[PDB]
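sequence unavailable; structure follows:
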DNA sequence: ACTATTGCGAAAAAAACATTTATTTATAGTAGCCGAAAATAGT
DNA sequence: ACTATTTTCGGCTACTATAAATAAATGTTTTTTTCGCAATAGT
Ligand SMILES: [Zn+2]
Ligand SMILES: [Zn+2]
């Protein structure tokens, strides 16, 4: 019963964006309206580390387990996003689709 | 415009709702005549027939409410014996061992003075129960105290034949 | 803010996180992000 | 993880020139070059069958598989905790489903299980009670009936304006949440009346059987809710009219103490009656009992000539007193 | 309001040094109830002191149906006075008590889902199968059911004394939720 | 194969209804549809051809 | 497609919507059965057994004979010929096979 | 078809093990079935 | 405007939910082992 979170923009020296994080948006979903260059994570994603552990029927230690698996823009040329959507599948599972 | 049954527009496909609700009142009606008689096929499914609620597939029913004619078969037997549910069960032929117990608890809260009168009654009552004594004894007239002995004597004799063989 | 808008209902929804995926005023289940306020620099060639 | 010159703990994989080397930012010595890419059985058998049974009704009740996968571990721990032995196999796994149904906070009820199982709600619910308390399930979501308003409308097949029947019903449910009707009542019961009233003002879908075929609760208890909600406060204003923009609280009246009025420094240490003084009332003679004597329990005794009369009909009803002689001679 | 919770029913079992025979205790009694396929023992029903007598085939006995504690004690040896009719031992040693139940009324409505969210880490319930909440207690090791009209019935009290301080202890958590 | 497994019971032969057991077996069609269209390979049985 | 009680056309997800959720663009099959329940035999209608996919611009799909306004409401290009499945996202097509 | 050769095949069984067997304490809740009454419409 | 009856309304009657005992069965339950059949297959 552990989901995945889109927390983003870790801050440093009075400013949110890292050189990777100028185009990552307030929600963690990369902000529509601006370009991307190489590097420059545009979709942050964090996954629980107990991905195969058995569910313990209690509440003891689940507060910090999210290791990151971010999505990084490759390519030798700077591009833009076109637009981004989010939806759900046929089963209740979240869908994310961005197109450059 | 009260909220209890207004008719107020198109209301499509209500006839299947109308045909079933009129038909499920007929379910209990044929069950009523079976109860009073005991006192003495191709079918097409419509989806709204089989619908279930929480009152479904569960033990319990509606006991036939008691009559004044049964009261004199109840209070006098409660005057003769203390409280004996075993023989009053067959006295009320299709009534069961359990709701006659529930009736005893019902009469405790309903009439608390009649049951104490039956408790205080420890004596032969007004001598009208002797016909009711033999009304119980006219069914299958046979000795239960003397003739219903030999059957175990016959059956223990059968064991000795098996031990012989 | 100018938060999330529907596809055809086109309704600005600042829907709080990990709560729902649908829209108001419609049963539609595909969501559109609205464009930022921040300026972007371009050339003219 | 540790450099050989600066002993740094931060390593950064450079993909700028497609070499994918590993290097720290402190001194710049590479860490690694030429990356090497990755181009009981009886206990097993009794879960292999139980895997089939979890998959069965999930296909029937349209359960998405991240519950059925999640529910297997709930079955897995109670398999170890000796919860399975003695109880019926079909009964225990359906209780195990509703745990994950509650934790996932779905629209799925509990009688949808038992109707396919063709048992009572109290049969399948009994082992549900012993599951949660024995296996130490403390946190639990509440059965929020607001989910049922959203889910009932689709199989009801109402008009294409199915948003306004729900947006008004959920604002009715928020108004209903403030009202003191459902406090110990049925979650599907009180949620089966707001839809009846929301579609009332727009359509005539209310036939008192179509909603019973959806909500699976009897017709007389929802009409009771129609009379209960009308006569609490300010409902007479919106019986006939008054568009749904009321913002009030009204009086707080759950119907349980309404019946109770129709019927009509801390506490000290030794202020309540004790129990040892009651033990000291009657002498505790272990063999003797002639200190509580009376005259009617002394007369509580047989009618001496009527023991023939008693045993006559006592053995006139014989079936089980007769076969015990038959069985014992067959035991020899 | 310093009300007292009234205690309605006891159960209490006693051993007997004699094995009980079913034949000579039912065929010459008054409140004769013995159907062996229904139940493997005999029950007496007397309305003074409105208790009931449950015996066992092995010899043991349990009394149930008294209002007070000493009310059970005079009942428990009038029951053996009929056992003094038959040539049996009726050797009772220990008057152990293991359930004394009580019902109460505080008579003001309260919220109970607010405490099922607040004190949900230890006590919980199900709304559809039982209309009240089933509450539990660590300190006296007791269970109890609460309602919405203010009535609380106490069950499972092995000791009579234990619920008196327990009912006082559970009073502030109910007045905590004044349904603001 | 599901039916007779119920019908090999004395008690479960009078009140038993078979329309309940439909939906478990109904999944084999649709998953067999979409997999055979996504993966363009067809496992035939009466002709035994791939 | 449709039932026999409602006898409406259908209510169906749009395929341009269905391709944006990686879903199958399919249509349900309804069967009508009779059997021996018990004491009496019983006939039941409109039994769901599955959802078969339908290719677009068929007479069973909602894109049958539009007027560039319903299809404009369904944001679909009228110059698309159609004739292919939208199973679980991707759009594929049966190729016309042959033998001797 | 008689017999031979064999794996299945149901059925015993065994131990465990929770499950009914009846008691009574209430409280509110449905839930079904029933008149009891009372509106209420045909005539 | 009488005759008839269908709402209209409780009334009844029930009945799991409570521990806390007995307690003779009383369900099964998986695990296991057996013992029989017919099945295959040649004689
Ligand atoms: Zn919308
Ligand atoms: Zn280094």
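Alright, I've got the coordinates. Residues are numbered from 1 along each chain as shown, chains lettered A, B, ... in the order given. Ligands and ions are numbered 1, 2, ... in the order given.

going forward, measure contacts between C-alpha atoms and count neighbours the same way
Fine.

next, find the distance separating the most centrally placed residue in chain A from chain B.
Centroid-nearest residue in chain A, with C-alpha atoms, centre = their mean: residue A:44, separated by 1.9 Å. Computed as C-alpha to the nearest C-alpha, to the nearest Å, the residue A:44 to chain B distance reads 49 Å.

show me what contacts that residue?
Residue A:44 makes contact with A:6, A:7, A:8, A:24, A:28, A:29, A:68, A:69, A:70, A:71, according to C-alpha atoms under 8 Å, 6 or more residues apart in numbering or on different chains.

those: which ones sit near ligand 1?
Within the set of the contacts of residue A:44, contact with ligand 1 (C-alpha under 5 Å from the ion) is found for no member.

what's the closest of these to residue E:176?
Using C-alpha to C-alpha, residue A:7 is the member of the contacts of residue A:44 that lies nearest residue E:176, at 38.4 Å.

quick one on the thing from earlier: which residue comes closest to the residue nearest to the centre of chain A once chain neighbours are left out?
Residue nearest to residue A:44 in three dimensions, not counting chain neighbours: residue A:70, with 4.4 Å by C-alpha to C-alpha, 6 or more residues apart in numbering or on different chains.

the helices in chain G, which residues?
Remark: helices of chain G, listed N- to C-terminal, are G:15-18, G:70-73; assignment by DSSP state H.

interface residues of chain C facing chain G?
For chain C, the residues in contact with chain G (C-alpha under 8 Å from any C-alpha of the partner chain) are residue C:30.

what ranges do the strands span in chain C?
In chain C, strands defined by DSSP state E lie at C:5-6, C:30-32, listed in chain order.

also chain G?
Counting by DSSP E, chain G has these strands, from start to end: G:26-36, G:41-53.

just checking, which of these sits deepest inside the structure?
Ranked by average neighbour count under the criterion mean count of other C-alpha atoms under 10 Å in any protein chain shown, these are headed by strand G:41-53 at a mean of 17.

does it reach chain A?
No: looking at strand G:41-53 against chain A by C-alpha under 8 Å from any C-alpha, there are no contacts, and the closest approach is 13.5 Å.

surely residue D:128 is in contact with residue D:91?
No: if you go by C-alpha atoms under 8 Å, residue D:128 and residue D:91 don't touch, sitting 9.3 Å apart.

what number of residues lie near residue D:35?
Other residues near residue D:35 number 10, with proximity taken as other C-alpha atoms under 10 Å in any protein chain shown.

do the one 5 residues further on as well
Number of residues near residue D:40 (other C-alpha under 10 Å) recorded here: 6.

before we move on, what about residue B:64?
For residue B:64, which is what you asked about, the neighbour count (other C-alpha under 10 Å) is 9.

do you know how far it is from ligand 1?
Residue B:64 sits 57 Å away from ligand 1, taking C-alpha to the ion, to the nearest Å as the criterion.

please apply the same query to residue B:93.
Computed as C-alpha to the ion, the residue B:93 to ligand 1 distance reads 67 Å.

assumed that residue was part of a strand.
No: in this structure, residue B:93 is coil, not part of a strand, as judged by DSSP: H, G, I helix; E, B strand; the rest coil.
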